[PDB]
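Let's start with one chain on its own, the form deposited in one PDB entry, as C-alpha cells.
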C-alpha cells in the first residue's frame, strides 16, 4: 500500500516490444512502465538486475517526450525529479528519438532512442 514494485521483462527478440507496446502491456496488468525518480528506485532496479543475471541488457523505461513545453515526461505522470542520462544524452539522434531506455549495467544510465525499436522493458505496479 506504501510503494510500487518493479519487475523486469527480459525477452528474446520474438517477444520484445516497442515503447508503446510495452506501456500497453504494463497498463493491462494494472501498472505502468517504470519511472526512476530518485537514487533509491535506481538501486531497487539495479538489485533486480543483479538477482536475475540479466546483465548488460537494455530496457524501456516510462520516459517519453511530451509537447515542446513539457519536454521529457514519465508515463505515470511523476516528476522528472532525478536524471541519469548517459553522457551527451538525450541527443535526439537524427531527430527521431523520443523514448527513454535504461542501460542495465552498473551505470544505470539513460538514452533516448526511437520509440519503435524492439526492447526489453520494466513495469511498476
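In this text, the rigid core denotes the largest set of C-alpha atoms whose superposition between the two forms falls within 1.5 Å. Numbering follows the first chain given and starts at 1.
Undergrad: For the C-alpha atoms alone, is the average B factor greater in 59-67 or in 23-31, going by the entry?
TA: Higher mean C-alpha B-factor: 23-31.
Undergrad: Looking only at CA atoms, which has the higher mean B factor in the entry: 2-10 or 115-123?
TA: It is 2-10 that shows the higher mean C-alpha B-factor.
Undergrad: In this PDB entry, which of 86, 45, 80, 99 has the top CA B-factor?
TA: Among 86, 45, 80, 99, the PDB entry lists the largest C-alpha B-factor for 80.
Undergrad: If you compare 92, 54, 75, 37, which has the highest Cα B-factor in the entry?
TA: In this record, 54 carries the highest C-alpha B-factor of the candidates.
Although not depicted, the form deposited in another entry is the subject of the following passage.
Undergrad: Please look at 38, 44, 92, 50 and say which one has a C-alpha shift reaching 2 Å or more between the shown form and the other one, core superposed.
TA: If I go through the list carefully, the shifting residue is 92.
Undergrad: Could you tell me whether residue 104 and residue 81 have their C-alpha atoms closer or farther apart in the other form than in the shown form, knowing the shift is 3 angstroms or more?
TA: Farther, not closer.
Undergrad: So the C-alpha spacing of residue 106 and residue 77 changes by 3 Å or more in the other form; is that change toward closer or farther than shown?
TA: It is farther: the C-alpha separation of residue 106 and residue 77 rises by at least 3 Å in the other form.
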